[PDB]
């Protein structure tokens, strides 16, 4: 049994609509996780040197929940801009207890991020005891929203037509149904070079731009379906990914917090 925290330091995402200014801008690939001044969080930018101009601007430790950022892209080649927890310390997800993220952002409209795009929670995990070598490395997504494309509205959820792979099930958390997808990426770019690895997706069936994500509930549901993450969690960050196009993502709130099963805060910003 898990109690949802009621701490006053938690910012209500529903009313967190103030535009932020005065952030620190990063214009190039960060070369992995990089630290942030006065923050427990790390950012990463993947800005392919063969693609167009992209940026990520972190709004700082002292506003917008501490993890808020803006991102821009002009004809990217799979731009990823992300910010949040960096772990990578040989611990399973359970070690970090109950993980939450409150968010609120604006973004550019439909078809401004290419044929595929993702907004939500993202990371990797390593499973040294996986029964299949394809599943020794896992890339994971909790997809709250996307930019749609020429075929599908951004107001409707993406499916296997976008992600590839196989539907594994569904569950209801944080006010919406989520479709669970597993996909095998064959000889594709990863955190272990070009290789074969597995992807886990939770796709929110009601796309949204503000709310709270009970991240650990997704990890638990995947585990119940036999989608194991292993004992070495890499990161847990808020992501915007754009396949192509020209657009922006502009967060007014990104606040990570962790709590025990009785709702007591273990970590919160600011």
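Numbering follows the first chain given and starts at 1.
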* To do: Pick between 161-169 and 143-151: the one whose mean CA B-factor in the entry is higher.
  => 161-169
* Of 218-226 and 233-241, which one has the bigger average CA B-factor? -> 218-226
* Structure fact -> The largest CA temperature factor among 191, 121, 80, 180 is found at 191
* To do: Pick out which of 99, 71, 113, 186 has the highest C-alpha B-factor in the PDB entry.
  => 186
* For residue 20, return the chain-relative third of its C-alpha B-factor as stated in the PDB record: lowest, middle or highest. => middle
* Determine, from the deposited record, the chain-internal third of the Cα B-factor for residue 210: lowest, middle or highest. => lowest
* **CA B-factor ranking of residue 59, expressed as a third of its chain** => lowest
* Sorting the chain's modelled residues by C-alpha B-factor, tell me whether residue 201 ends up in the lowest, middle or highest third. => lowest
* How does residue 10 rank on Cα B-factor within its chain, lowest, middle or highest third? -> highest
